[PDB]
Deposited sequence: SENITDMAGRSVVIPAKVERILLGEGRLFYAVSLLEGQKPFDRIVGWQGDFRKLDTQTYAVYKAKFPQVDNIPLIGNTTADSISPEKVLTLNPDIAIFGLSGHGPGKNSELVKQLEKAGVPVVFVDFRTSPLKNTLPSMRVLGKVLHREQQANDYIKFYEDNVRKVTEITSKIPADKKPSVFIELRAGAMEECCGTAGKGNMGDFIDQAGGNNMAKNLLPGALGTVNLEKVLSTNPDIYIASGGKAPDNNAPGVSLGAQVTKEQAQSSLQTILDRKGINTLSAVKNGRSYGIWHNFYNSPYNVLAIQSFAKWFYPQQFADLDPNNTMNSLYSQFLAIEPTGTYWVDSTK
């Protein structure tokens, strides 16, 4: 048995051939364990991966066409799929699954990734019978996070830059979603940064008013986006099918927005783009290195997040790294 990130004790199954995903983008965690057979055990998912990550989906589809046949689940009807195990993030469904004697498990990469990333992966290894893959990944993640924290962990406060991250930036009106105590806040923290939104928000996630961003006037501005290139909505295009030019053209439109454009971060050339889905992915070690390299360019000269992404895809994944995951002005 094992305790999940909700604190509930779950009986490790004797048989796992059929996995259910309550958020499609839990795929990122599972992709790390399934090796060269990523979709062999997936019997169903919520459509956020297929729909809110069309780009990655499409790369996988090219190599595994059968991905299209996995049903989208958006409570009696999910049982027909016959899951050995169901996975959730932090319902009638959860009851319906436990009433049917189906092991349910909650993980976390969104609310508190500092705390819950590696524990979540450890849990998954056990309950998916992929402990070796999970422990391999922990070792990887740890060594790559260590490259940052070695340097950033004892940096005095007056050395540290102030940082603001506008999550899924775009559209003066939504402005500005951000992370506080949690989420990418944790990566700032760790990268030797100083999240301005931290003491404005109770939660990991939330919305701050543009006025406060301009008034605070942070050293560094980061915008998260995962917008597909053909998606011409407000936001940073980034992902598996984005070019560097598209990332920059689109990052610029975001920095050119009203208010934003007057920021010292914009004028001082300290504006960056980061792939949004690291806000809820165990791949977020890539974001940690990039933030630290943006924050202390000279100290992280020898560091290359692309080498790390290549190293990850080759060790763990069944597709090739393509596209643009980060960008500078």
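*Asks:* In sequence order, what intervals of the deposited sequence carry no C-alpha positions?
*Replies:* Unmodelled stretches, in sequence order: 1 to 2, 77 to 84, 101 to 108, 348 to 349.
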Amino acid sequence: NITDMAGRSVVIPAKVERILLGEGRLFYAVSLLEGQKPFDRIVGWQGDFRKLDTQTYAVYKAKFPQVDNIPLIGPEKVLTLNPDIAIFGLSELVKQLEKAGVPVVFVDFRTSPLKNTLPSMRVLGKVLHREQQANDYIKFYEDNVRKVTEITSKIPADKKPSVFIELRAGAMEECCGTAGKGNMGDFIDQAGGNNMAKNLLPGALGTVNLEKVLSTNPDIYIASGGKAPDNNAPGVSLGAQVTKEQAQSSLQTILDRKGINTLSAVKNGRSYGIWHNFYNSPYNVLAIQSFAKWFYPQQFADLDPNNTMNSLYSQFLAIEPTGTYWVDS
From here on, numbers count along this sequence of modelled residues.
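*Asks:* Averaging CA B factors per stretch from the PDB record, which one is higher: 56 to 64 or 33 to 41?
*Replies:* Averaging CA B-factors over each stretch, the winner is 33 to 41.
*Asks:* Taking only the CA atoms, which stretch has the higher mean B-factor in the record, 5 to 13 or 309 to 317?
*Replies:* Between 5 to 13 and 309 to 317, it is 5 to 13.
*Asks:* Whose C-alpha has the highest temperature factor in the PDB entry: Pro71, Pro113, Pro119, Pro161?
*Replies:* Top of the list by C-alpha B-factor: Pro71.
*Asks:* Sorting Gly239, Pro83, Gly101, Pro218 by Cα temperature factor from the record, which one lands on top?
*Replies:* Highest C-alpha B-factor among the listed residues goes to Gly101.
*Asks:* Using only modelled residues of the chain, where does the Cα B factor of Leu303 rank: lowest third, middle third or highest third?
*Replies:* Its C-alpha B-factor, which the entry lists for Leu303, ranks in the highest third among residues of this chain.
*Asks:* Taking the chain's C-alpha temperature factors as the reference, tell me which third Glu131 falls into: lowest, middle or highest.
*Replies:* Tercile = middle for this residue's CA B-factor.
*Asks:* Split into thirds by Cα B-factor across the chain's modelled residues, where does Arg270 land: lowest, middle or highest?
*Replies:* Its C-alpha B-factor belongs to the middle third of this chain's values.
*Asks:* Tell me, lowest, middle or highest third: where does the Cα B factor of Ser264 rank within its chain?
*Replies:* Within its chain, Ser264 is a lowest-third residue by C-alpha B-factor, going by the deposited values.
*Asks:* What third of the chain does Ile222 rank in for C-alpha temperature factor, lowest, middle or highest?
*Replies:* Ranked within chain, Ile222 CA B lands in the lowest tercile.
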